[PDB]
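A single chain comes next, written as structure tokens; it is the form deposited in one PDB entry.
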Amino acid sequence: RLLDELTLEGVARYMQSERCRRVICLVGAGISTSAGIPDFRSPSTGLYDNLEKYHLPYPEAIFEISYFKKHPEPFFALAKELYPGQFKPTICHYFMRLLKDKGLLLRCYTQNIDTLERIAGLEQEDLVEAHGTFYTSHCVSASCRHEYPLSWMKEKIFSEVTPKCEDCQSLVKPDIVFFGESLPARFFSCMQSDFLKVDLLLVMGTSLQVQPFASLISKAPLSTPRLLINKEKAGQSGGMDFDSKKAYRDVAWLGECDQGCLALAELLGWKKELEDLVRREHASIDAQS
């Protein structure tokens, strides 16, 4: 086994060894809830528990592409209701930024569309935005593909006018990979090389229920340690094995992503670095307001 003990401190010591050079992060909505952007599965607060008003056949229909193309108004109403007053990345995003700054980050595969990874300073090469982004939008006509910015989209969303393409009058959709849409080719290009050379998987803020993203946890070599930082266990059935007698590489830190990243950063000797990074960047954002 590569971990000396199945704890956060053991993962930290492994990350300080020379064997751990390439770290892949797999993140979901949980790493952004502390930024005011709700998740999907959490009781009461999750999006799937707050869609009775939109009168949908099933909660996921508001995020399914065929439903959107038939009835886009519920999605854009929900978007107006959820559009954040401020885009501030979390301590978890800035922990990934520290991984980048120290040359340890091979890739961040994110399921989120909030661009907080970019805002925290992760560059395009560092990112697999597996499910797209809200930042750009496109006409849904494949022979048109007129691109519209977040300003145009946000204006149409708050004026409660359904976004329509100025050239062919088709629907304009944010560049989110809705359910039923294919993931970008970059996902499948990166995975091929990334998961042959990964030394540590860091899974944060995801329930690991949406495919093909969840399957990524089984693409790593069997020796590669995997650390989950999440309010609840996830990815158990090559699934996650935290508790069995055969457990050897999977560690679950149950709690807030921000708290677990603070603790791991402190165990690595990065407490003050992460604090300064968060302070400076949140100040820069509050200044550019």
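All residue numbers refer to positions in the sequence shown, first residue = 1. Whichever C-alpha set is largest while still superposing within 1.5 Å between the two forms counts as the rigid core.
Beyond what is shown, the protein has a form deposited in another entry; the following relates to that form.
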Only one of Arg186, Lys102, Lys80, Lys219 passes the 2 Å C-alpha shift threshold between this form and the one not shown with the rigid core fixed, namely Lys80
Taking the rigid core as the reference frame, is the Cα of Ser137 displaced by 2 Å or more between this form and the one not shown? yes
On a rigid core superposition, would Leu196 pass a 2 Å threshold for CA movement between this form and the one not shown? no
Did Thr45 shift 2 Å or more between this form and the one not shown, C-alpha, core superposed: yes
